[PDB]
Amino acid sequence: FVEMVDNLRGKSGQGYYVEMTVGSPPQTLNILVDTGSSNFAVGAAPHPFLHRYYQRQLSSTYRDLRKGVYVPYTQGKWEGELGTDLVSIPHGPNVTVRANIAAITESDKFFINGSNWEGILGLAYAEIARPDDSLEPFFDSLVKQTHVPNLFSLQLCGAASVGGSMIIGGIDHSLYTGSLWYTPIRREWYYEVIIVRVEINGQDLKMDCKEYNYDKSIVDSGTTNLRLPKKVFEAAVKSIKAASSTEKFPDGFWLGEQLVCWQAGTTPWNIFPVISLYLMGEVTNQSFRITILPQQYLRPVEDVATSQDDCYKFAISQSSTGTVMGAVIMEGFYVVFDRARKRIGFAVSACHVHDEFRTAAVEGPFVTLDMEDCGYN
Ligand SMILES: COc1cccc(-c2cccc(CCc3cccc(N)n3)c2)c1
């Protein structure tokens, strides 16, 4: 696994990518690591933002599936042609696999101007694969065709340029301190989990916990923010705003509609409280909690040419589709996607940003009753 350490790169707000090769001879591409989707989709045409794209005509091992795929988002989409081909990960396990690949032939507001990735690796399960769950995800193909154990782990560091590790098939104990604590994957579609309690600064929100997971809570390397359902976001902001009334910021800030700036080196960490999410544990009536800092939910915006300050965007936002524990959360922790035992492990990341005051934490066990009632059906 030492070969796989530091195999991720990125830029803030723009995601974490791994090098992959597709076809024979190998074409190298940088591929976004996304635990919130289930298609391996890659640029296959010369869109002007792209450094590189998959040239199927150059590959002897390419096979057409003669079926297209169309994938909408709110504002934007990608569309493509399905096929299979041989896929490796240079700084991953020493194997080659025949995987489905969606050759992206048209898109809108998908690729990012200035980004250094050309595709997406969906690491979630077949249920949310498009056009349907019969299209086998990459990781399912990998596990099926090789002896790679059915698990992967992610250390997203952030740390301008960002970095991290994706350990495929195992865990590397150099990437975390203390103990791993595991929360069950409620259902294998997204990496769905259950949050059972939330504390801002130690003090809890006292909401029907069911709300915390209305209609989902998921772990998602492809979302920057900690996203929260309307009503939980509402309550959540209310307490953070209160926690932090010392200084003042507009209403738009909290809605992610304006940025906040303080002069270089002048940011007040401590007027902002820590956020603790209690996750369902492995055992009845037993939970654990992960604790993140404002340096996680207060994210720098790289360069604004209309300012000189240290400008941050408030990284919590509301959702119609549930809680999303994005890079804000994951950058605090080493996260183990233990597919084989249907559980996600969290430990303090050896690379998370800390000081000599407060620190990211994973703590347990706690006693929490009625954890099953926290899940929405
Ligand atoms: C931290 O990961 C990021 C940050 C910004 C943008 C993306 C990004 C951009 C275009 C496409 C995708 C993959 C599709 C997608 C959309 C929404 C949510 C998820 N998980 N995946 C990601 C990922």
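Just the heavy atoms: all of them, side chains too, but no hydrogens, waters or symmetry mates, feed the values below. Here, residue 1 is the first one in the sequence, and each next residue gets the next number. Whatever order the structure lists ligands and atoms in, that order sets their numbers, starting from 1.
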May I ask you to list the atoms of ligand 1 that are less than 4.0 angstrom from any heavy atom of [X]?
X: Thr224; result: 1 (C), 4 (C), 5 (C)
X: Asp220; result: 18 (C), 19 (C), 20 (N)
X: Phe110; result: 10 (C), 11 (C)

In terms of residue, atom name and distance, what is the protein heavy atom nearest to [atom]?
atom: atom 13 (C) of ligand 1; answer: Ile120 CD1, 3.1 Å
atom: atom 12 (C) of ligand 1; answer: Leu32 CD2, 3.7 Å
atom: atom 21 (N) of ligand 1; answer: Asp34 OD2, 2.7 Å
atom: atom 5 (C) of ligand 1; answer: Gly13 O, 3.0 Å
atom: atom 16 (C) of ligand 1; answer: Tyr73 CE2, 3.8 Å
atom: atom 7 (C) of ligand 1; answer: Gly222 O, 3.6 Å

Practice task
Run the numbers on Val97 and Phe138 for side chain to side chain contact (heavy atoms under 4.5 Å, CB included), then give the verdict.
Solution key: CA-CA 9 Å; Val97 297; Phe138 173 81; 3.8 Å; yes
Practice task
Consider ligand 1: state whether an atom of it lies below 4.0 angstrom from any non-hydrogen atom of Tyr16.
Solution key: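 The answer is no, since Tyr16 has no heavy atom less than 4.0 Å from ligand 1.
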Exercise for the section: Using non-hydrogen atoms of the residue, decide whether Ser221 is closer than 4.0 angstrom to ligand 1. Expected result: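 Under 4.0 Å: yes for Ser221.
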Handout entry: Ring center gap for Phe366 and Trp181 short of 6.0 angstrom
Key =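 No; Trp181 has its ring centre 6.0 Å or more from that of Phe366.
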Practice task
Assert yes or no for the condition that the ring centre distance of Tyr125 to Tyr191 is strictly below 6.0 Å.
Solution key: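 Yes - the distance between ring centres of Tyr125 and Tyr191 falls below the 6.0 Å cut-off.
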Practice task
Can you label the angle between the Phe337 ring and the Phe152 ring as parallel, tilted or perpendicular, going by 30° and 60°?
Solution key: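 Plane angle under 30°, so parallel.
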Exercise for the section: For the residue pair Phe314 and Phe253, categorise the inter-ring angle as parallel (less than 30°), tilted (30 to 60°) or perpendicular (more than 60°). Expected result: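 The rings of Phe314 and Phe253 sit tilted, inter-plane angle from 30° to 60°.
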Exercise for the section: Run through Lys67, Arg66, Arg56 and flag the one making a salt bridge (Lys or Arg N to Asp or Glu O under 4.0 Å) with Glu81. Expected result: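 Passing option: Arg56.
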Handout entry: Atom OH of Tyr214: over 12 foreign heavy atoms under 6.0 Å
Key =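 No - once you tally the heavy atoms of other residues, nucleotides and ligands closer than 6.0 Å, there are 12 at most.
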Practice task
Of all the heavy-atom pairs spanning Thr84 and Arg98, show the shortest one and how long it is.
Solution key: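 Taking every non-hydrogen atom into account, OG1-NH1, 2.7 Å.
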